[PDB]
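The chain that follows stands alone, in the form deposited in one PDB entry, written as structure tokens.
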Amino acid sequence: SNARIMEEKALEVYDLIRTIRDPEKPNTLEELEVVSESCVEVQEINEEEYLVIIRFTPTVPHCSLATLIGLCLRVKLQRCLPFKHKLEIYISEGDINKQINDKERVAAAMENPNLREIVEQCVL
């Protein structure tokens, strides 16, 4: 039946993506619950052309850039200021879907050798 075939195609898709390594952590997307089989749907657009829809839940860095910067500020001052002090640091209060789907943005990323290297190794 059509439904069975679309189920089989979604499983095909899932089996390819499930073992991709996370860019930062030593585990696969499936192990980190970034994807699961139910997160994929396949439909037939026209005869023998399929649409694949994936919803994924990205991992977050163990230590974000903003956090690293804040630590640098605190550690530098703590070690190098010549007076006794307390410090309060505040993040100043003064499209990803687009980056991963737009054909031009995808190509631009894959033309950066640094990003291409990361992506190609994660999927290897």
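So that there is no doubt, residue numbering starts at 1 and follows the sequence shown. Note that the rigid core is defined as the largest set of C-alphas that superpose within 1.5 Å between two forms.
As for the form deposited in another entry, it is not shown, yet the points below apply to it.
- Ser36 is not among the residues whose C-alpha shifts by 2 Å or more between this form and the one not shown once the rigid core is aligned; its shift stays under 2 Å.
- Once the cores line up, the CA of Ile45 ends up less than 2 angstroms apart between this form and the one not shown.
- Comparing the forms between this form and the one not shown on their rigid core, the Cα displacement of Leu11 stays under 2 Å.
- Shown here is a form in which the CA atoms of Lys103 and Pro58 lie at least 3 Å closer together than they do in the other form.
- A change of 3 Å or more separates the two forms for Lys103 and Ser38: their C-alpha atoms lie farther apart in the other form.
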